[PDB]
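Undergrad: The following block contains the structure, expressed as structure tokens.
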Amino acid sequence: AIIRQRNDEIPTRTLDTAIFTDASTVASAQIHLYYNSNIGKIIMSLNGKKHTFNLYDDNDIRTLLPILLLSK
Amino acid sequence: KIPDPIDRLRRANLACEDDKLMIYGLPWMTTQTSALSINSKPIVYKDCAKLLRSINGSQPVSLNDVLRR
């Protein structure tokens, strides 16, 4: 409101998805996401560890999008 | 405008070209690009097409469809 509501565009609930740990290896995963719309960053919590993705960096975008798009 | 960085990703969607997992629907690319694993390698998976359909069925799924849940 405005930034606050922008941050709420990404769900806060658990996401059940699939993650490719290598080029040819995939496994089920449950994750949480946080979004900071001021600078365009998403933080993902996976196996108790933090991962960050810069939404202005094409390589991060290509890594994050398959995780979101395979979620149920 | 002050942009919402998510907006330019809302039409993104996955597709299998043989065993290669690709990302369609990104406006600034004039060509499709490969999806990357968590260790930064292009995803190549023998059961690619069956994995996609296991998740969504036959219905196509964009990022916008994910965000409206």
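Please note that chains go A, B, ... in the order of the structure tokens, that every chain numbers its residues from 1, and that ligands are numbered from 1 in the order shown.
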Can you tell me which residues surround residue B:55 at a distance of at most 9 Å, considering only C-alpha atoms, apart from same-chain residues fewer than 4 positions away, and format the answer as a list in words?
TA: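 Those residues are residues 17, 70, 71 and 72 of chain A; 50 and 51 of chain B.
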Undergrad: Just the residues within 9 Å of stretch 19-26 of chain A, please, counting only C-alpha atoms, with nothing from its chain fewer than 3 positions along; format it as a PyMOL selection string.
TA: (chain A and resi 29+66-67+70) or (chain B and resi 36-46)
Undergrad: Within 12 Å of residue A:38, counting only C-alpha atoms, which residues qualify if same-chain residues fewer than 4 places away don't, as a PyMOL selection string?
TA: (chain A and resi 2-7+42+54-55) or (chain B and resi 2-6)
Undergrad: Only C-alpha atoms, please: the residues just picked out, written as an mmCIF file, in the first residue's frame.
TA:
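Result went into result_12.cif, see below:
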data_model
loop_
_atom_site.group_PDB
_atom_site.id
_atom_site.type_symbol
_atom_site.label_atom_id
_atom_site.label_comp_id
_atom_site.auth_asym_id
_atom_site.auth_seq_id
_atom_site.Cartn_x
_atom_site.Cartn_y
_atom_site.Cartn_z
ATOM 1 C CA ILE A 2 1.597 0.732 -2.313
ATOM 2 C CA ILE A 3 4.804 -1.205 -1.712
ATOM 3 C CA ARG A 4 3.209 -3.289 1.042
ATOM 4 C CA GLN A 5 0.444 -4.572 -1.209
ATOM 5 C CA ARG A 6 2.937 -5.177 -4.016
ATOM 6 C CA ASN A 7 4.904 -7.417 -1.649
ATOM 7 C CA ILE A 42 12.628 -12.687 -4.023
ATOM 8 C CA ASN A 54 17.332 -10.692 -8.496
ATOM 9 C CA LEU A 55 14.378 -10.106 -10.841
ATOM 10 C CA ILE B 2 7.564 3.114 -11.017
ATOM 11 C CA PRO B 3 7.539 -0.517 -12.221
ATOM 12 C CA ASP B 4 6.431 -3.676 -10.490
ATOM 13 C CA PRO B 5 9.274 -6.076 -11.417
ATOM 14 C CA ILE B 6 6.895 -9.082 -11.428
#
Undergrad: For a quick check of understanding, using only C-alpha atoms, which of B:33, B:49, B:67, B:15 has the smallest distance to residue A:8?
TA: B:67
Undergrad: Where does DSSP see strand (DSSP E) in stretch 4-51 of chain A, if you list the residues as a ChimeraX atom specification?
TA: /A:15-22,25-36,41-46,49-51
Undergrad: Tell me, as a list in words, which residues lie within 7 Å of residue A:12, counting only C-alpha atoms; anything in the same chain fewer than 5 positions away does not count.
TA: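 Near residue A:12, the qualifying residues are residues 32, 33 and 34 of chain A.
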